[PDB]
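Contents: one structure, followed by commentary.
Hydrogens, waters and symmetry mates play no part in the numbers below; they use all other heavy atoms, side chains included. A, B, ... follow the sequence lines: proteins, then strands. Residue 1 opens every chain.
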Amino acid sequence: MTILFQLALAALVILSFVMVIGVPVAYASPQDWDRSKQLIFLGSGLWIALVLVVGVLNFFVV
Amino acid sequence: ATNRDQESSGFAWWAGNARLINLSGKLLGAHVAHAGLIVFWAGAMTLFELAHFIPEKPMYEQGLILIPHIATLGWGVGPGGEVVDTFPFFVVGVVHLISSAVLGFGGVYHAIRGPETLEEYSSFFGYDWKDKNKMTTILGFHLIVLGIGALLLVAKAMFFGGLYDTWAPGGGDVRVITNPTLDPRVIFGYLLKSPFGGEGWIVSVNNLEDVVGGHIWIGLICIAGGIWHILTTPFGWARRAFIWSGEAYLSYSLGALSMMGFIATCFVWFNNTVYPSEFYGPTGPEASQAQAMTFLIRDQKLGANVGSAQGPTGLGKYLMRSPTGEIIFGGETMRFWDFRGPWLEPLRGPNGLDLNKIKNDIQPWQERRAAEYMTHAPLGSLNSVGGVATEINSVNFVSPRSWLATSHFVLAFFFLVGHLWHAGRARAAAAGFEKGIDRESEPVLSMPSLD
Amino acid sequence: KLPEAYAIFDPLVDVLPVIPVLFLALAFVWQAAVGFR
Amino acid sequence: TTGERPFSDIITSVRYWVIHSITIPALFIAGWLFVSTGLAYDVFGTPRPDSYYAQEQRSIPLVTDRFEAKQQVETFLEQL
Amino acid sequence: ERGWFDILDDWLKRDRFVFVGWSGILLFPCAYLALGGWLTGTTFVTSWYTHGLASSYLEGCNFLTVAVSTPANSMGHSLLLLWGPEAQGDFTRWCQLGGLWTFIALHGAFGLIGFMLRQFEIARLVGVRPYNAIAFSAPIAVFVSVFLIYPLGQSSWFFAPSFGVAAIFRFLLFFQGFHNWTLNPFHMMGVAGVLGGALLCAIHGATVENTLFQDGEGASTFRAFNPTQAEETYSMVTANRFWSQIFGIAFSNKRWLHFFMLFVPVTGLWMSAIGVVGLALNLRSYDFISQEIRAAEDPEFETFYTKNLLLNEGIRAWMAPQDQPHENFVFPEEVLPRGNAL
Amino acid sequence: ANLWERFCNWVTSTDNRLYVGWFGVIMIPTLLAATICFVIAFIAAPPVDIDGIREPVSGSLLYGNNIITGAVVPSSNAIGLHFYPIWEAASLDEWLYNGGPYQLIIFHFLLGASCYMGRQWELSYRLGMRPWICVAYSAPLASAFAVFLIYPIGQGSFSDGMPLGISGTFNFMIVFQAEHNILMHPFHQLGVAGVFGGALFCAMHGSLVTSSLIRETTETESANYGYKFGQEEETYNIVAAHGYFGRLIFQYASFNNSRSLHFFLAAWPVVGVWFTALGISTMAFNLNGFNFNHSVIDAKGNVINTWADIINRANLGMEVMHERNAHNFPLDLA
Amino acid sequence: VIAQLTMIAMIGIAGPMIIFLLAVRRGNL
Amino acid sequence: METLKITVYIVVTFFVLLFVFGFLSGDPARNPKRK
Amino acid sequence: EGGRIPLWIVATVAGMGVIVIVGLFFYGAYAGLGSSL
Ligand code: CLA
Ligand code: CLA
Ligand code: CLA
Ligand code: CLA
Ligand SMILES: CC(C)=CCC/C(C)=C/CC/C(C)=C/CC/C(C)=C/CC/C(C)=C/CC/C(C)=C/CC/C(C)=C/CC/C(C)=C/CC/C(C)=C/CC1=CC(=O)C(C)=C(C)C1=O
Ligand SMILES: CC1=C(/C=C/C(C)=C/C=C/C(C)=C/C=C/C=C(C)/C=C/C=C(C)/C=C/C2=C(C)CCCC2(C)C)C(C)(C)CCC1
Ligand SMILES: CC1=C(/C=C/C(C)=C/C=C/C(C)=C/C=C/C=C(C)/C=C/C=C(C)/C=C/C2=C(C)CCCC2(C)C)C(C)(C)CCC1
Ligand SMILES: CC1=C(/C=C/C(C)=C/C=C/C(C)=C/C=C/C=C(C)/C=C/C=C(C)/C=C/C2=C(C)CCCC2(C)C)C(C)(C)CCC1
Ligand SMILES: CC1=C(/C=C/C(C)=C/C=C/C(C)=C/C=C/C=C(C)/C=C/C=C(C)/C=C/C2=C(C)CCCC2(C)C)C(C)(C)CCC1
Ligand SMILES: CCCCCCCCCCCCO[C@@H]1O[C@H](CO)[C@@H](O[C@H]2O[C@H](CO)[C@@H](O)[C@H](O)[C@H]2O)[C@H](O)[C@H]1O
Ligand SMILES: CCCCCCCCCCCCO[C@@H]1O[C@H](CO)[C@@H](O[C@H]2O[C@H](CO)[C@@H](O)[C@H](O)[C@H]2O)[C@H](O)[C@H]1O
Ligand SMILES: [Cl-]
Ligand SMILES: [Cl-]
Ligand SMILES: [Fe+2]
Ligand SMILES: [Mg+2]
Ligand SMILES: [Mg+2]
């Protein structure tokens, strides 16, 4: 668990950095908006899941 | 550039946010994103504090302002304010930091992607600053929200573990509050107390039953008032008294926040109940009293009769009378005789400090507390060199009470300025002369001469 | 300290508190990019 | 205007940055080395952390004579 | 063929980004050396041999504590030229002896001369009356009285101000302890001219900004002005009524207003310079004799004046040993003035 | 009309020689009271036990002071922050001994000056002016609050308020330096840049406008007769002024826009003074100037003094001497 | 430490990168 | 002293009521332009 | 020549430079000479 946790958290951090750049750029980008809206929904659902994963896994490494 | 330059908006870049006054959608974005910055700081600052925290040093030797707030709510601490469990601090940090991403998301969405104005999309979320009933309704919603917040504090105190009580009999500890003060004579009494010495208005609140009781009252007052504003429109006397514009409502709120800031400054400087000295360090008054207690103890141990010891001026060196007769400590600390704290009260009787009790009953724990507080008085340099201004480098300390008082005086002051700026501006713009005097209708040219 | 499992993230935690200041500074980068119009 | 090229034209040009991406770092590094080699100490006569006092004196080497202050400093320095 | 002098004049007076002029030949080198000497000394040069202090970034000081410090008291008022009889051409020794102090002070003085000559030179070429040069006589009187006359009256350059932030603070506190300079009515007039000047600056800027004519549609009102416009941008009539009703009096003449704005802070600085000429000689407003006679005979008589003198006595005793190291003062703990406990 | 309406029209009339206004109804009585009490006290008050140690300090002219030494002396340290109106004293004699006039004066003055500031907003509204002169006045006002009210609150006593007199002011300044190292505090440093810079720009602006006055008078007349109150045309050539100053420094260092220039003249002193007010109001809670005492140490650990250490020695002298019979214990904690 | 400087460099570039990307792609700045 | 106190309490109350009622008496309307 | 490197980038990069060098000077207040340690 002490790696499946540390990856889940490193995954949450990396995705967060990608969303931090990607979401504003997408929202203010003229074209390519249909492929953006899909990815933003995907990014979002994945970020939420990873938070729940890191949160649950917290209790197996603390 | 829908309003995004000076030519079309009438506002330069440095007044850029004024371009948002009638863009309810983007302005909702601004607000929500901003709420996210606040929540972000709460979350990240807490985690930073926790990462830096050494649980066996006092919080106040470590430059913590947030952990102290969490501990005062009963989380993470036991008798004497000792840290028994850091995990509740970590939870508070993490949950704010995660929530900030959500607020940040909503803010960015509304600011740059969603509809610029909301009135076309929704009559419920759209608003005109001049619609008196819509403005009182939104106000009302926020009142109900604030009411619930106050009742959460009550819920923590009464049903979910209690609050850190510095006054707890036998020594400071977390305690469940079962008998909150509901009598309006006590609760509203605090509001009619003088703000001067020995009184201190609401800053004088000295027991958690009054604190919890006061929030039951505010919770219900705010929920009621909120319902009221949802169901009503301003009366005519209110209509004639106020200016009805976004910039005016901002000004009112700036004035209110300035006031609250000054109050908060005073709260943290003097109050040791809701800002427990175990977590925030001693108050200025406290530490000065604690010095007098320290040398009284020392000198009495060497054989001094502290009651009859006349100081150089003719006033008692250790003990003297207040201007109403009460026995108080001497030296410069005479000014601080309204101070009250759990290490000192056992020595106090109906006439003030009790000489029999001083001579016979001072416990080692009182000597320790007094020495600790004397040596962590809230004095220090901007680079965090603890002590008086002539002190040498050695001790890295500035009290959390000083950081919190100073910051909030600075913010309250500039918020007063903002209140005047925006209130004066709102008045002028409502009347039509905020951009200058009409050269062909200069009002002074139609007035008689003064002489 | 943070709980030991999170220790590798200490350095990141050290920097996060400054991010809000970077938002104010970002407002100026943005405005320079549109010529402070 | 007075005929010189606008600063804004100059500092947004590629030629300016080709020249100055060399000259700026070079000068910085030279200033760094002026200190890191200890040369700054000797040009200006500034004591290093180990040269304010001899090992057992606590008397400052204050100059007390106008016309042989040069020699007093010389002697203060030989006595370290 | 025109003459070489006239040809040089053309070239000196070309309209360029940085005007040069004949004044430029004095100004630029003296200003550049004063400023470069300060940056060099504060970055690299000690004060160990002159004062027994560290004073440069090299030694560990910060922007608040660095300085180019005055020379040792044993130097007297030596010009301390690089090639003079103290340093004898040795740059390193020169630095150690405080040669950069006199370097900065004398090049700074010649540079201020060059700056005010520049003010006259430009005023003449553009066709304006030289009031800006005249106003600049105040900063000159201050620099000359404080950096030059004051130490010339004293034992040595040592007691001039050293060029640094903390060093100047020290100079303030010395003046309180030794000269009781706050008590001096020439200082008091200086304070009134500086605070009165700052008052005029704030009140005049604010008044114009709040009596502007609406000359544009912008809520940001700066654009609604054109430099070549003939008309006043704000209402003098309305400003006058406002202040007449608020404060009881008001300006009504704009030429008088702007003249008064020159007069107040220039006159104040000039008054302060006269007081410092007195202090060069220790000719202080130190005491009120009548106060002293009473207080000496009557041990229950106390005023804020007698209180401040006790503070001065503390400053002198406690600071002199480290601040005046050439005096070799040793003040045993038992002689130091102290109140109770502290 | 009815009596109330007439009264309101008179209170708010734009035609009174001095504006009254609603801020004025509070300002007038409170400033008159502070003034009258101040004048009588300064002339004739007996000595006041400022430090609460039965050592009364003489402030008034009739009791041995002159204009430079005189003061209205702050209220006793035994009082602290307690409210001490006349009716709290057993007699006028007691009230005088304990420094009652100081509290009556400063409370009525701060209330009245606060209303002065509001009255500035108020008249500007009645005249159809822009509203922010009152914002400029908030700077000196804030400063007055700092030394008469906020510093006492922080330190726990009106006896630590600035005294109402010339030498008392210097006393307050010297003790403040001892206890806070104000000179090393960046907000005081901002204050000095504000007032030195306000003076500088005051002289600069006066001199530049004066330099460029349009010739409208003969050599045997003051040039001031060249401007007539209310004339529509500007009385100086700002383009000539800008031509001069732009060459003095360089072109883009000079203002050609009078609105921008005047805003700068307002802002620079107001802001610096807001900072210095906040220096006093934050040192009130003992967050003090920088302390570099013994910051520079040699290879062995010998202390190498800097100019900060020499300031420290001066501060020590002030510290050990001030209020020389009032301290019994070794630290001055307020 | 390399780790703190590296985090602060990456977090500090993110803001200007958002602006640079949008300016390149002629976005709604 | 009790009489001084009552007198000053009445005086202060009077001027405070003037201030409050005065500002409630159509203050936004007392300007030279839009009312 | 020209206007190739946009002014907003120059400003942002040069501003970040200033912050780094000043930040370094603040670091030095707490380590080595002048640190009081
Ligand atoms: C709390 C600070 C704050 C907030 C919340 C806002 C909010 C806003 N401003 Mg103000 N502004 C501020 C500070 C702020 N400003 C400061 C300090 C200045 C002075 C420099 C200004 C000067 C200013 C001007 C001159 C203007 C605004 C305008 C606006 C709005 C439109 C912005 C736009 O078009 O972006 C365009 C920019 C981009 C598309 C670049 C990206 C911007 C995004 C939001 C960056 C987000 C980064 C973040 C890390 C993303 C995390 C995502 C993750 C959670 C998934 C928006 C509501 C405009 C206006 O009102 O429009 C009607 C306008 O003209 N502002
Ligand atoms: C005060 C904050 C606030 C307000 C007034 C609004 C208002 C609006 N939003 Mg934004 N929004 C916000 C914050 C806000 N939003 C946040 C934080 C996010 C990120 C999740 C968003 C993301 C978002 C998107 C992506 C969209 C909107 C849209 C809308 C519109 C339709 C909403 C609706 O009909 O729901 C009706 C009610 C529900 C769907 C049920 C509400 C469920 C919530 C979770 C209950 C609240 C619980 C509790 C009180 C939480 C308080 C949190 C607090 C502690 C911070 C409306 C203009 C839409 C729009 O603009 O149309 C074009 C749209 O597409 N919102
Ligand atoms: C953020 C909270 C908030 C805000 C912005 C408003 C704003 C408003 N309210 Mg609502 N209200 C609220 C909360 C709020 N209210 C709550 C919680 C309740 C429940 C008790 C109410 C119950 C309520 C009623 C019953 C009424 C309003 C009315 C109004 C309007 C006029 C306000 C006014 O003139 O006050 C200014 C105050 C006065 C004119 C009173 C005189 C001034 C005194 C002397 C000031 C004293 C202050 C001083 C500093 C001392 C403080 C301490 C003191 C106890 C000694 C306005 C839209 C009125 C209305 O139009 O209803 C639709 C109205 O009748 N409100
Ligand atoms: C306008 C420019 C200017 C001015 C006014 C000054 C003025 C000064 N300098 Mg600075 N200086 C300058 C530019 C200037 N300098 C430049 C460009 C440099 C870099 C090279 C220096 C480097 C410098 C150093 C390193 C020092 C000074 C010093 C001085 C001081 C003494 C100078 C002296 O005695 O000269 C005497 C010379 C003259 C007055 C020239 C007279 C020429 C007359 C008119 C004709 C006579 C010629 C004669 C016949 C020749 C034959 C002689 C024969 C018998 C052998 C004085 C404050 C010293 C100082 O600051 O000490 C604290 C010092 O150590 N200067
Ligand atoms: C012997 C040898 C070698 C000889 C060679 C000589 C030679 C020919 C040299 C040529 C080469 C050369 C030039 C070398 C340079 C050397 C060098 C770098 C010297 C430097 C000296 C130096 C650094 C001096 C200090 C710099 C300096 C003056 C800075 C000023 C900065 C400053 C605060 C400016 C003020 C700007 C400002 C905000 C002004 C507004 C306030 C104000 C004036 C209000 C009033 C106002 C303004 C108006 O605007 C107008 C309109 C009106 C009405 C008005 O009220
Ligand atoms: C929580 C978290 C996170 C988050 C993040 C964020 C939220 C970020 C943000 C960021 C940002 C938000 C950034 C920004 C930046 C910025 C900058 C860096 C700026 C700068 C600026 C400058 C430098 C300026 C300059 C100038 C100009 C521009 C013009 C004028 C002049 C001057 C010079 C002033 C992450 C992902 C990590 C993950 C983990 C956790
Ligand atoms: C509009 C606008 C603006 C603004 C903006 C803003 C204000 C925004 C905000 C935003 C936000 C407000 C954001 C936030 C974010 C967040 C996040 C992204 C988070 C994350 C988190 C994480 C990732 C975590 C992790 C962890 C854990 C879980 C545990 C412990 C450790 C750690 C911490 C690591 C500006 C000014 C620019 C201008 C233009 C317009
Ligand atoms: C929680 C708590 C508590 C309680 C509290 C309470 C119960 C409170 C209340 C509070 C309140 C109950 C408040 C109130 C306030 C009010 C105000 C702040 C007002 C204001 C007003 C104004 C500002 C007005 C104005 C005007 C005038 C005067 C004239 C005409 C015009 C106008 C309208 C503008 C206690 C202390 C027990 C304890 C601790 C905790
Ligand atoms: C002495 C001498 C001489 C001369 C030399 C020279 C001339 C030099 C110069 C030098 C120089 C010329 C140097 C410079 C330096 C500089 C610096 C070191 C700077 C720094 C800066 C900074 C640090 C900045 C900061 C800031 C500010 C100011 C504001 C804004 C913000 C900030 C914070 C960024 C000769 C050889 C003749 C001879 C012998 C002696
Ligand atoms: C210590 C605080 C005690 C005060 C309590 C406050 C209670 C709040 C309710 C106040 C109700 C009074 O309502 C208000 O009364 C005044 C008094 O004439 C009215 O009267 C007036 O308005 C017009 C409108 O231009 C004026 O020019 C005129 O001189 C005046 O008669 C207001 O138009 C009315 O709206
Ligand atoms: C409209 C207001 C104008 C106010 C004018 C008031 C003058 C009328 C009242 C006269 C009262 C002054 O009375 C005063 O009393 C005490 C006696 O205890 C005297 O005693 C005093 O003597 C000296 C005089 O230099 C003082 O320095 C000293 O501090 C004090 O002991 C005063 O010298 C005397 O002048
Ligand atoms: Cl004491
Ligand atoms: Cl004193
Ligand atoms: Fe002007
Ligand atoms: Mg770490
Ligand atoms: Mg260092």
Worksheet entry | Approximate separation, where rounding is to 0.5 Å, of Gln96(E) CD and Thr46(D) OG1 | 7.5 Å
Worksheet item: Rounded to the nearest 0.5 Å, how far does CG of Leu62(D) lie from OG1 of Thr50(E)?
Response: 7.5 Å
Worksheet item: Can you find a heavy atom in the side chain of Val43(D) that is under 4.5 Å from one in the side chain of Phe91(E)?
Response: yes
Practice prompt. For each of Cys95(E), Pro85(E), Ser56(E), tally heavy-atom pairs with chain D at distances under 4.5 Å, and name the one with the top tally.
Written response: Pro85(E)
Worksheet, complete the sentence: For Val45(E) and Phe44(D) the tightest heavy-atom approach is CG2-CD2, 3.6 Å
Response to the item:
Between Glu86(E) and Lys70(D), the two heavy atoms sitting closest are O-CB, 3.6 Å
Worksheet item: Do you know which of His326(E), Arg14(E), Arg16(E) has the most heavy-atom pairs under 4.5 Å to chain D?
Response: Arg16(E)
Fill in: Nearest-0.5 Å distance that lies between atom OH in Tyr49(E) and atom CG in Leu77(D)
4.5 Å
Practice prompt. Report, by ascending residue number, the residues of residues 19-41 of chain D in heavy-atom contact with chain E at a distance under 4.5 Å; give 'none' if the set is empty.
Written response: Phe34(D), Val35(D), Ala40(D), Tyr41(D)
Worksheet item: Under a 4.5 Å heavy-atom cut-off, does chain D meet the side chain of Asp90(E), its backbone, both or neither?
Response: side chain
Worksheet item: How many angstroms lie between atom OG of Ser74(E) and atom CD of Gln72(D), to the nearest 0.5 angstrom?
Response: 7.0 Å
Practice prompt. Answer with side chain, backbone, both or neither: which region of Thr40(E) has an atom nearer than 4.5 Å to a non-hydrogen atom of chain D?
Written response: side chain
Item to complete: Please confirm whether the backbone N or O of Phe17(E) pairs with a side-chain atom of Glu4(D), one donor and one acceptor, at under 3.5 Å?
Response: yes
Discussion item. Is it the case that over 12 heavy atoms from other parts of the model lie below 6.0 angstrom from the OH atom of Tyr32(E)?
Written reply: no
Practice prompt. Can you establish whether the number of heavy atoms outside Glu68(D) located under 6.0 Å from its atom CD is more than 12?
Written response: no
Worksheet entry | Spacing of OG1 belonging to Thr46(E) relative to OH belonging to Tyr52(D), to within rounding of 0.5 Å | 5.0 Å
Worksheet item: Can you tell which of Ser78(E), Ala87(E), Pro325(E) has the highest number of heavy-atom pairs within less than 4.5 Å of chain D?
Response: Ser78(E)
Practice prompt. Take atom CZ of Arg48(D) as the centre, draw a 6.0 Å sphere, and report whether it contains more than 12 heavy atoms from other residues, nucleotides or ligands.
Written response: yes
Worksheet item: What heavy-atom pair brings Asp42(D) and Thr92(E) nearest, and what distance separates the two atoms?
Response: O-OG1, 3.5 Å
